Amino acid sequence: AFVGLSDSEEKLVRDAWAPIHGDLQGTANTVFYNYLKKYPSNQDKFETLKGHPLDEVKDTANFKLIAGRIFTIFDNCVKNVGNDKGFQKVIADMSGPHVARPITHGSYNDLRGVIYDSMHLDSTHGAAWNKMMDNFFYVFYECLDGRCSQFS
């Protein structure tokens, strides 16, 4: 279920994200690369990347666009962390493009974990971050299951 964050938890999330917020595209490029490398089945899901070596596509425009758009969504979720409707809306809007797609929960969760590992958070900040991401996934998966308009 969706579980709101306190004012203090919101602050924790914003602080946890600040290093990424301040280097958003550069972090996105690295994290997205590490994700595709560690979990090689996922590159094929990206039609613009499909059929080429990872190391061939990593410094291309299409690759950086994809990495950037994932991170832009999380940056906006963080923006909206103190507004559950606003937060849900960011997710609602990005969910439609995924609904029809053959992407497993495993794949999305593997990406969440690459992000987590990259942030090297202490347990206090990690707890708050995971509250947010649990909300993120709750909303996203409700929307993938065709129960998106409950957030409207």
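Heads up: residue numbers just count along the shown sequence, starting at 1.
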| query | finding |
| --- | --- |
| 30-38 versus 51-59 - which carries the larger mean C-alpha B factor in the record | 51-59 |
| Mean C-alpha B-factor comparison - 91-99 and 111-119, higher one | 91-99 |
| Ranked C-alpha temperature factor of residue 105 among modelled chain residues, by third | middle |
| Residue 137 - which third its CA temperature factor falls in, relative to the rest of the chain | middle |
| For residue 13, the third of its chain into which the C-alpha B factor falls | lowest |
| Lowest, middle or highest third - CA B-factor, residue 20 | lowest |
| Third of the chain's Cα B-factor distribution that residue 125 belongs to, per the entry | lowest |
